[PDB]
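Order of the sequence lines sets the chain letters (A, B, ...), proteins ahead of strands, with each chain counted from 1. In listed order, ligands and their atoms are each counted from 1.
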Amino acid sequence: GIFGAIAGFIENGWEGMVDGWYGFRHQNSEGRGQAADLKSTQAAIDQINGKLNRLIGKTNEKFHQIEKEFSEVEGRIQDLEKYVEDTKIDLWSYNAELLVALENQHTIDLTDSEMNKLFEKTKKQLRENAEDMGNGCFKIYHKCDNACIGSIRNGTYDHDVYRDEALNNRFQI
Amino acid sequence: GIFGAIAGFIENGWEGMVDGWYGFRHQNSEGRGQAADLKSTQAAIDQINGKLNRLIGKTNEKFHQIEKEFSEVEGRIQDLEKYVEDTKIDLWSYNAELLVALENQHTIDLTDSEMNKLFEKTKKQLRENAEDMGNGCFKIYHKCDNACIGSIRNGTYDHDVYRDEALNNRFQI
Amino acid sequence: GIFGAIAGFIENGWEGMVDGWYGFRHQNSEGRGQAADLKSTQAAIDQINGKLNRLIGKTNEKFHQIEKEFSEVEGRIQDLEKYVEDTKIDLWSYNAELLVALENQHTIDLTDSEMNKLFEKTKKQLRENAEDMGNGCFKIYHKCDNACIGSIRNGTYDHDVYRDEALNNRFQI
Amino acid sequence: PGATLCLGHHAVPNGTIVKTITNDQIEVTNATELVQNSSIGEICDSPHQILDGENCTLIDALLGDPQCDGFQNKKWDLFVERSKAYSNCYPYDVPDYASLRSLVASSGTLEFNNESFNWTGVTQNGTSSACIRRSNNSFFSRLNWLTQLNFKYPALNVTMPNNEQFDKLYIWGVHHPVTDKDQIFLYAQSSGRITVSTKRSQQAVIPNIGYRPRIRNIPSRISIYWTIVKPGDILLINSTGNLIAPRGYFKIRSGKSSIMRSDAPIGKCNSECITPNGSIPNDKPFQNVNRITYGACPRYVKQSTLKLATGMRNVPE
Amino acid sequence: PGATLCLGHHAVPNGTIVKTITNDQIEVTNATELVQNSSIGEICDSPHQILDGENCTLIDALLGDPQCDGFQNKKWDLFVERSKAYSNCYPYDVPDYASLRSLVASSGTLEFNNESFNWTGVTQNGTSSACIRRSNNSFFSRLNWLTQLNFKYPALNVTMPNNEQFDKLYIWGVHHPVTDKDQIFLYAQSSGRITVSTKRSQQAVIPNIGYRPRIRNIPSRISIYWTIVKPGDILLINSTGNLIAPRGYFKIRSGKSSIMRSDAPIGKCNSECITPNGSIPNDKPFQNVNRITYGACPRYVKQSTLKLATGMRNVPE
Amino acid sequence: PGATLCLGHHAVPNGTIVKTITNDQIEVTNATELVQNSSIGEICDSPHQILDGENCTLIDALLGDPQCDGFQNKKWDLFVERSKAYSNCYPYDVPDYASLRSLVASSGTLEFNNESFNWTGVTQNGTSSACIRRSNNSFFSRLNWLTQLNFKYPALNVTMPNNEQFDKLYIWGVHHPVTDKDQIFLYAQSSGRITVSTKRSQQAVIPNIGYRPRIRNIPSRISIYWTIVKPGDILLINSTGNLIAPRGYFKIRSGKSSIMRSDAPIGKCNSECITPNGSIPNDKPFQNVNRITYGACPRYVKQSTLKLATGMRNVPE
Ligand SMILES: CC(=O)N[C@@H]1[C@@H](O)[C@H](O[C@@H]2O[C@H](CO[C@]3(C(=O)O)C[C@H](O)[C@@H](NC(C)=O)[C@H]([C@H](O)[C@H](O)CO)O3)[C@H](O)[C@H](O)[C@H]2O)[C@@H](CO)O[C@H]1O
Ligand SMILES: CC(=O)N[C@@H]1[C@@H](O)[C@H](O[C@@H]2O[C@H](CO[C@]3(C(=O)O)C[C@H](O)[C@@H](NC(C)=O)[C@H]([C@H](O)[C@H](O)CO)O3)[C@H](O)[C@H](O)[C@H]2O)[C@@H](CO)O[C@H]1O
Ligand SMILES: CC(=O)N[C@@H]1[C@@H](O)[C@H](O[C@@H]2O[C@H](CO[C@]3(C(=O)O)C[C@H](O)[C@@H](NC(C)=O)[C@H]([C@H](O)[C@H](O)CO)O3)[C@H](O)[C@H](O)[C@H]2O)[C@@H](CO)O[C@H]1O
Ligand SMILES: *[C@@H]1O[C@H](CO)[C@@H](O[C@@H]2O[C@H](CO)[C@@H](O[C@@H]3O[C@H](CO)[C@@H](O)[C@H](O)[C@@H]3O)[C@H](O)[C@H]2NC(C)=O)[C@H](O)[C@H]1NC(C)=O
Ligand SMILES: *[C@@H]1O[C@H](CO)[C@@H](O[C@@H]2O[C@H](CO)[C@@H](O[C@@H]3O[C@H](CO)[C@@H](O)[C@H](O)[C@@H]3O)[C@H](O)[C@H]2NC(C)=O)[C@H](O)[C@H]1NC(C)=O
Ligand SMILES: *[C@@H]1O[C@H](CO)[C@@H](O[C@@H]2O[C@H](CO)[C@@H](O[C@@H]3O[C@H](CO)[C@@H](O)[C@H](O)[C@@H]3O)[C@H](O)[C@H]2NC(C)=O)[C@H](O)[C@H]1NC(C)=O
Ligand SMILES: *[C@@H]1O[C@H](CO)[C@@H](O[C@@H]2O[C@H](CO)[C@@H](O[C@@H]3O[C@H](CO)[C@@H](O)[C@H](O)[C@@H]3O)[C@H](O)[C@H]2NC(C)=O)[C@H](O)[C@H]1NC(C)=O
Ligand SMILES: *[C@@H]1O[C@H](CO)[C@@H](O[C@@H]2O[C@H](CO)[C@@H](O[C@@H]3O[C@H](CO)[C@@H](O)[C@H](O)[C@@H]3O)[C@H](O)[C@H]2NC(C)=O)[C@H](O)[C@H]1NC(C)=O
Ligand SMILES: *[C@@H]1O[C@H](CO)[C@@H](O[C@@H]2O[C@H](CO)[C@@H](O[C@@H]3O[C@H](CO)[C@@H](O)[C@H](O)[C@@H]3O)[C@H](O)[C@H]2NC(C)=O)[C@H](O)[C@H]1NC(C)=O
Ligand SMILES: *[C@@H]1O[C@H](CO)[C@@H](O[C@@H]2O[C@H](CO)[C@@H](O)[C@H](O)[C@H]2NC(C)=O)[C@H](O)[C@H]1NC(C)=O
Ligand SMILES: *[C@@H]1O[C@H](CO)[C@@H](O[C@@H]2O[C@H](CO)[C@@H](O)[C@H](O)[C@H]2NC(C)=O)[C@H](O)[C@H]1NC(C)=O
Ligand SMILES: *[C@@H]1O[C@H](CO)[C@@H](O[C@@H]2O[C@H](CO)[C@@H](O)[C@H](O)[C@H]2NC(C)=O)[C@H](O)[C@H]1NC(C)=O
Ligand SMILES: *[C@@H]1O[C@H](CO)[C@@H](O[C@@H]2O[C@H](CO)[C@@H](O)[C@H](O)[C@H]2NC(C)=O)[C@H](O)[C@H]1NC(C)=O
Ligand SMILES: *[C@@H]1O[C@H](CO)[C@@H](O[C@@H]2O[C@H](CO)[C@@H](O)[C@H](O)[C@H]2NC(C)=O)[C@H](O)[C@H]1NC(C)=O
Ligand SMILES: *[C@@H]1O[C@H](CO)[C@@H](O)[C@H](O)[C@H]1NC(C)=O
Ligand SMILES: *[C@@H]1O[C@H](CO)[C@@H](O)[C@H](O)[C@H]1NC(C)=O
Ligand SMILES: *[C@@H]1O[C@H](CO)[C@@H](O)[C@H](O)[C@H]1NC(C)=O
Ligand SMILES: *[C@@H]1O[C@H](CO)[C@@H](O)[C@H](O)[C@H]1NC(C)=O
């Protein structure tokens, strides 16, 4: 993908995350766990639903048209009727092929983008208290229990509370 | 947007910035101020003007065609004339709808991108003298008067001048 | 480009890199050198080849159609034959114009993206041992001989080996 | 010690393959089909008004072939013509048959109003063994076969004004006798002529005497013609023999009606989109069932499947 | 203490809603309209050469109906036919009227050159009270009504070579008399015949005697035909009665000319794109004014508005 | 001291300009052309079966003009008609010539089967100096010019059943004599008539006597007609004069055959896509050589070049 996270620096997906599309796994003093991120999940789903809304249940009414099958040979007029229809079908077939290719490229890129956005947001929130390990994980340089991990997930983590501890751990020998 | 800055980590726009599309607000020892960034503004405008140049004032000449309204019932030939025209109009109507949707998605994404590029450039320029607060703002860890702020905006800021001061402020207890 | 690397924060390309599309130049204790990155190069090439595969050698067979040139004036039927063909050609001409514009925008953006991905990967790998100079270069704050540079290029660089040295050099006065 | 916090995304064990700009095969977590590829094999009788032609073509229902008497004055959104349909009356052709079929199909009505034409001096209501109705010799219900009376066929010169606020469609014909002798037996003079005109149109027809292959023991033929008469105009029929006369006019409407060739049974069910194969669901934007459609229908394409991604790239463990 | 430096972007209090791939409603700072939805209600007389038909159809101007004498030999880029137009000469029809109208419209010229046809033995210049010119009985200016002379109509066998370096268009006709008696009064013999041929074509017409509804007190009719003669070819007219003869030929050109039905007044103004509603500006790529257009015009679409974003997402404080 | 590590990308001294969504000119490292703009100037004889008409139109090869005898019974994928082609037999026309040309072209075969029609009482095999074969007066090979025998032309009433499992195409005609006297010399009675019918169709033709411009010293003409007869149907020809009779039938096939007007020489070479200019390579998706094509061909567009980027933005030092 064009943002480099999904099938990129995130080595693979999580088959065991069934309650969201994006989320967090942690290891700390109390164990290891998983939680879905609902905002990123919903952002991706809303975009996809917006596409679907444009394409599903939106058909156009046509009534009396031209004939498209013929029981007898006629020449010029029938040649024209047949060519008009073949022309139409080829143009719509092209439109359908391109539409799906563009839509699908865009769906892959937008879902890649949502993963990247969540990663970037978390990175900034952690300030000088963590380092990016390169695989979508952060090493957090302070004791960070379940409530602390929860605060990061909920956007209530105060980096200033832990900064002295973290800097001492990061910049030792 | 797909870059996550506009309507993303930048909480909102600035109605009081009327002399550019992107820019800087600061607070320092001498007050608080705003200045537009002309290069980012121009980059976005040039791209949009390039689209407009492809679409405005570019019409195609047609002359004698087929009839499209009929005063009498005729059957087969008129059925074909009507179907050819309805077919054409539906294909052009589709083309117009898709064109505008693609163009508009792209305009939103390119303007999002220009905001992100300006942010990233400033981040790099500041080196170890500032930290990203997560909302499009940097905390600058040294005295940075109006001339200093100006130097950042103009790309003449020398991070080495302030580095000792900044590191002492960042990594204290 | 929409990622801001090529024709962006990378000032220009390298005419002397002829064995890959993306790569590394270094300066260290043993000299200065260049090496192509094969994975990024191949990623870009595979995407472009995928486009080409959809467009080259994929023609459609047509046989008996309608006449498209006429030696005599006839009126209504010929007017219709001519309009059907002109309509078709204009719709295909539009399709071709849009296809190439979309494909080319996408090729530029995907190649920009691959440059950005390689930069980001290297940045993360270096951890606290280097700083981003803003022009696609890193200042590495430790002795890094040809084998060390090679380890970075090959993804075998262990940042922990050099961290004490690097931190001392970065955060001195 | 500290902690580790990893960002990630879901994956599924059963992913689906889709196409993008650069890859004709890439796996995503989920997708939906955009091409409708099946019908339910019957034409739903709702919500469009369906008229099943059964053994009758539209043109036979118009003229009034005896097997088609049940169709008199009926309307439709969609007339369904069956491949088994056959004519069982006097043998006829219609120069530009396709156009008459089309204009009646689009009008959507067989509403017919009788008119009292002044046919003085001729025998009316001619019949034939080729067109049996209730076991007796008969003829097309909407047409009046005029022949000699007392060995005379005095010239016809008959007017019918249109003082309505709508257009009238008139169907009429010419009888082509097998021989010069049969010409005399029927019409008294050796050569017939027909002129049917309005203020804005004229149609002149001469019969063509000769043998055609026998159909229901008849080697002669009738050729069918039509004429539209606008409000304030007048139909004028001027003829010295061989006229198969109208009995009145059909109403001509405009609207959304059509005709379809199909052998699919009619079902008691409700579906917006009709094809000759049967009704199809119309949730999807495209379909590859049939290029012939009526109603709110997906657009016909050549592809048998087009999968729209509805999830991210699938990257299993 | 230090400093804070914030990066940001503009916003407006009055944003505009546009559509994207995923959202049918998203607010941006500015947009522009791509569909032209209005006309100025008049057809600008520049820069295309406009010919206002006034009371004349193109075909009446061709044949030379007396109200159309002012049109002789004129050219146009666009001939404008008015809904009020009416014929005021001998009643006629044109089998394939639409094609003759189209080919003359596309040719863009009424240029006519008289030729001296050798009509020996007949009366020329027949006229009628149905076609008044300067208060006198008259006829179509470009046609020559030939009738008997001294109770004889000797067969016509007349040649006109094309020794020009351009094609000639000939317009001619057949008179259909009301009765067998009027056939005799006019043409001396009971049955007329016309053959008009070239080396590359032939057209044979027989008159059809009969009553039609009266138009300007005339129950007979004329049917109009045409023939193109190429350089080095020859027109041959061979006839024993009922010929409405050509007086010469029309030049036939190729180029960008056309015809449009409209009741919009002609204005003194300059606009490239013409529709039946009036001229429209052509800055936008699309329009929903009319599917009928002439000149450099936006393309017709069904949408009444399509807004192109010309600014970023609008995110007000 | 330490080290510096720079990330970068290649560039070339000779970049190429392409178009994107926002820029009509941007330089990339490499591109490829998507519009085929040239032909090799000859039509390759492989892999489609080519039939070069040489001096013969398809219709002249059908009827059997003497210069076209070499074409008997041949098949084609593509019949190539040359601008130099000319007729050299009895002068004729074909009402709806374009349709007969089209249906034969699409059928792809001149296969002809002789049939023994019972022409009793007439002279067969009429010939003319306008149609020389081996220095002798002759006629179209597939047509049988019937004339009086012993100053009589007894009425023809002849049947030919189709008991095959395929359709038969019959070509026949009517002779239009120059004078009423030549009508008598040839056919004994003053007026001819033809009726050609099946169970499902009828065609009635009357000759039109008159002078046409001389072609190979002939001022009369033949008009050509056709009739398709389905399995289990019957052809019935009923005529009292002027019939140009069929000698048998042509097979009518369905498939991928066509006809093209071209003066390009035929070459010994192999190319899938044919245009009137010559064969074109078909690697590219689009072409601007000719809107007329046959085979697996790029699609015709108006652009003379469309460059697809195959490298990144080029940013030279
Ligand atoms: C006017 C008349 O009585 N003519 C007689 C011929 O009809 C008859 O030829 C035989 O006709 C047979 C079937 O005949 C009908 C029919 O179509 O059923 C009888 C109808 O009453 C008659 N209708 C009218 C209105 O006159 C009708 C009509 O004559 C023809 O259809 C017109 O072509 O014919 C059957 O076709 C036999 O094969 C045929 O020999 C001859 C010989 O008996 O006598 C005529 O007087
Ligand atoms: C040849 C001739 O004089 N015939 C006489 C009939 O015209 C006439 O019938 C009456 O005709 C009335 C109007 O007549 C004109 C006309 O169209 O104005 C007079 C024209 O001079 C004549 N033109 C030529 C070239 O001969 C023209 C022509 O005969 C007809 O239009 C052809 O159809 O007719 C009007 O129509 C009356 O209603 C009608 O009775 C009869 C009876 O008076 O006498 C004929 O000798
Ligand atoms: C039946 C017959 O013999 N008629 C004689 C006329 O043909 C002849 O008119 C002259 O005909 C000249 C060329 O004549 C042919 C031809 O087309 O080559 C001779 C053919 O044998 C004959 N074919 C048949 C089957 O009868 C054919 C035919 O009559 C015409 O083509 C039909 O229109 O004519 C040439 O055209 C001369 O210019 C012309 O005067 C006259 C006068 O000699 O005598 C007739 O007996
Ligand atoms: C002109 O040629 C046609 C075609 O061959 C001849 O038509 C045929 O006429 C015979 C005799 O009337 C018909 O036979 C009849 O069949 C019916 C029922 O099948 C039967 O009831 C009669 O007793 C009789 O057998 C035959 O069907 C018919 N053929 C076709 C194809 O229509 C016609 O007679 C010829 N005319 C002359 C004057 O010779
Ligand atoms: C249109 O209708 C009119 C009126 O009915 C027809 O005119 C009439 O035609 C008949 C039949 O040809 C004429 O009868 C003949 O009259 C002559 C007079 O010399 C007589 O010798 C014959 O024995 C025969 O009876 C009649 O005169 C005539 N009537 C009038 C009032 O004009 C006309 O034929 C019809 N036209 C068509 C195309 O059907
Ligand atoms: C055949 O039928 C037609 C149609 O009914 C008859 O035409 C009608 O003929 C009458 C008598 O000539 C026409 O009346 C005339 O009207 C004009 C002006 O309105 C007036 O100047 C005369 O004094 C006379 O009143 C009538 O207009 C006309 N109708 C139509 C519709 O054209 C025709 O006479 C019949 N022919 C025979 C031989 O019976
Ligand atoms: C084409 O033009 C030629 C030449 O004018 C026409 O041929 C001529 O036709 C007239 C009228 O039918 C003939 O007059 C008749 O001649 C016979 C001879 O037996 C006579 O008994 C009759 O009383 C009458 O006068 C004339 O013979 C004839 N002339 C020549 C030189 O052939 C021809 O009719 C025109 N064709 C058409 C379709 O108009
Ligand atoms: C009716 O008008 C036509 C057209 O003007 C006359 O046709 C012309 O007839 C003459 C005399 O037969 C033809 O001349 C001949 O030319 C050939 C070869 O060029 C030569 O072998 C003969 O000795 C003679 O000179 C002339 O070609 C022909 N013109 C056309 C255009 O076909 C026709 O004769 C007229 N009919 C009557 C009865 O007056
Ligand atoms: C279709 O073929 C049939 C049968 O050949 C044709 O019927 C026949 O037509 C001829 C020529 O008109 C008739 O000859 C005439 O008979 C009368 C009897 O009164 C006689 O007076 C004449 O001198 C002349 O010989 C013949 O009677 C008739 N035969 C039969 C068995 O009906 C018919 O003409 C052909 N139809 C067409 C359109 O060609
Ligand atoms: C719906 O009906 C159409 C028309 O009968 C079917 O298309 C035909 O399929 C047959 C058998 O595979 C082919 O031989 C013909 O070429 C097709 N006919 C035409 C006229 O194109 C189609 O398969 C049917 N579709 C469904 C879903 O029932
Ligand atoms: C076009 O035709 C109209 C209607 O026939 C003409 O206007 C009439 O002219 C008559 C004759 O002089 C007058 O008596 C009337 O006052 C007019 N009637 C109406 C309803 O306007 C008009 O003059 C013609 N136009 C041209 C350009 O010739
Ligand atoms: C331009 O003219 C066209 C044609 O008259 C107008 O479209 C018609 O609008 C009426 C009234 O709303 C409808 O009843 C008809 O269905 C339309 N006619 C046709 C032939 O489509 C159109 O509204 C006009 N547009 C402008 C901007 O003036
Ligand atoms: C096609 O027709 C041309 C032109 O009529 C033929 O070439 C002529 O043949 C004649 C008769 O033998 C020669 O006298 C001339 O030298 C040729 N004239 C020209 C202008 O080339 C040619 O032979 C015919 N081709 C075929 C394949 O039959
Ligand atoms: C292929 O042939 C076509 C048709 O002859 C050529 O198009 C013509 O080019 C001429 C000369 O430039 C123009 O005057 C005509 O307007 C064109 N004719 C038609 C019918 O459009 C075309 O140039 C040829 N292309 C190549 C590559 O040979
Ligand atoms: C974070 O939010 C979750 C979900 O609402 C809640 O259960 C949890 O208690 C919160 N934890 C902290 C530490 O804020
Ligand atoms: C920065 O550039 C602005 C605009 O040209 C100028 O007015 C200002 O003096 C510059 N300031 C510094 C500190 O370079
Ligand atoms: C890195 O990989 C290259 C290419 O295979 C190899 O030649 C080199 O020895 C490697 N160097 C190190 C230090 O791993
Ligand atoms: C994938 O598997 C799940 C679990 O069995 C099933 O419910 C679902 O329908 C499948 N969906 C797709 C799109 O493969």
Can [X] and [Y] be counted as having a side-chain donor-acceptor contact under 3.5 angstrom?
X: E:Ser223; Y: D:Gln202; answer: yes
X: F:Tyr86; Y: F:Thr57; answer: no
X: F:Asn114; Y: F:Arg142; answer: no

Strictly less than 4.0 Å: does any protein heavy-atom distance to [atom] fall in that range?
atom: atom 19 (C) of ligand 3; value: no
atom: atom 32 (C) of ligand 3; value: yes
atom: atom 22 (C) of ligand 3; value: yes
atom: atom 15 (C) of ligand 3; value: no
atom: atom 40 (O) of ligand 3; value: no
atom: atom 11 (O) of ligand 3; value: no
atom: atom 23 (O) of ligand 8; value: no
atom: atom 35 (C) of ligand 3; value: yes
atom: atom 15 (C) of ligand 8; value: no
atom: atom 3 (O) of ligand 3; value: no

Backbone or side chain, does any N or O of [X] fall under 3.5 Å from an N or O of ligand 3?
X: F:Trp145; answer: no
X: F:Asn137; answer: no
X: F:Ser220; answer: yes

By number and element, which atoms of ligand 5 are closer than 4.0 Å to a non-hydrogen atom of [X]?
X: D:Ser239; result: 37 (C), 39 (O)
X: D:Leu156; result: 1 (C), 2 (O)
X: E:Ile209; result: 38 (C)

query = Is it the side chain, the backbone, both or neither of D:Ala155 that has a heavy atom closer than 4.0 Å to ligand 5?
reply =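 It is both backbone and side chain that touch ligand 5.
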query = Between D:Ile194 and ligand 5, which part of the residue brings a heavy atom under 4.0 Å of the ligand: side chain, backbone, both or neither?
reply = neither
query = Is there a side-chain contact (heavy atoms from CB on, under 4.5 Å) between F:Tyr170 and F:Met160 once you walk through the steps?
reply = CA-CA 11 Å; F:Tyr170 286 96; F:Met160 192 62 66; 3.5 Å; yes
inquiry  = What verdict does the side-chain contact (heavy atoms from CB on, under 4.5 Å) test give for E:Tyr153 and E:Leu243, after you've listed the backbone C-alpha separation in whole Å, the side-chain angles of each residue and the deciding distance to 0.1 Å?
reply    = CA-CA 11 Å; E:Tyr153 193 110; E:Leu243 175 66; 4.3 Å; yes
request  = Output the distance between atom CG (D:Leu236) and atom OG1 (D:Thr195), rounded to the nearest 0.5 Å.
outcome  =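 It is 8.5 Å, given to the nearest 0.5 Å.
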message = Using heavy atoms and a 4.0 Å limit, tell me yes or no: is E:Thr179 in contact with ligand 5?
response =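 In this structure, E:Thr179 fails to qualify as a contact of ligand 5 - no heavy atom is under 4.0 Å.
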Which of the atoms of ligand 3 are close to [X], meaning less than 4.0 Å from one of its heavy atoms?
X: F:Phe185; result: 45 (C), 46 (O)
X: F:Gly126; result: 25 (C)
X: F:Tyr90; result: 30 (C), 31 (O), 32 (C), 33 (O)
X: F:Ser128; result: 16 (C), 17 (O), 18 (O)

inquiry  = Heavy atoms only, cut-off 4.0 Å: how does F:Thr127 contact ligand 3, side chain, backbone, both, or neither?
reply    = backbone
key: Proximity of F:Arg214 to ligand 3 by residue part, where a heavy atom lies under 4.0 Å   =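 The answer is the side chain.
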Atoms in ligand 8 flagged as close to F:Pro213, the criterion being non-hydrogen separation under 4.0 Å = 32 (O)
query = Looking at E:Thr159, which atoms of ligand 8 are within less than 4.0 Å of one of its heavy atoms?
reply =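 Under 4.0 Å from E:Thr159, ligand 8 has these atoms: 4 (C), 5 (O).
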ask   = With respect to F:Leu156, which candidate in F:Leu146, F:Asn238, F:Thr240 satisfies the side-chain contact (heavy atoms from CB on, under 4.5 Å) definition?
value =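 By the side-chain contact (heavy atoms from CB on, under 4.5 Å) criterion, F:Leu156 pairs with just one of F:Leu146, F:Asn238, F:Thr240: F:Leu146.
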message = Less than 6.0 angstrom from the centroid, inside 45 degrees of the normal: does E:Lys251 satisfy that with respect to the ring of E:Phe166?
response = yes
What protein heavy atom sits nearest [atom], and how far off is it?
atom: atom 12 (O) of ligand 5; value: D:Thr240 CG2, 4.6 Å
atom: atom 17 (C) of ligand 8; value: F:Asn217 OD1, 3.7 Å
atom: atom 4 (C) of ligand 5; value: D:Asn157 CB, 4.1 Å
atom: atom 32 (O) of ligand 5; value: E:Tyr211 OH, 4.7 Å

request  = Just go through F:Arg212, F:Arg214, F:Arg216 and tell me whose heavy atom is the nearest to atom 26 (C) of ligand 8.
outcome  =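 Looking at heavy atoms only, F:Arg214 sits closest to atom 26 (C) of ligand 8.
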inquiry  = If we only consider heavy atoms of F:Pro219, is any one of them less than 4.0 Å away from an atom in ligand 8?
reply    =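 No heavy atom of F:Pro219 comes that close to ligand 8.
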note = Any heavy atom of E:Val158 under 4.0 Å from ligand 8? The part involved is neither
request  = May I ask you to check whether D:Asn238 has an N/O atom sitting below 3.5 Å from an N/O atom of ligand 5?
outcome  = yes
request  = Assess whether atom CG of E:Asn150 is packed by more than 12 heavy atoms of other residues, nucleotides or ligands within 6.0 Å.
outcome  = no
task = Examine ligand 3 and decide if any of its atoms is less than 4.0 Å from a heavy atom belonging to F:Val178.
result = no
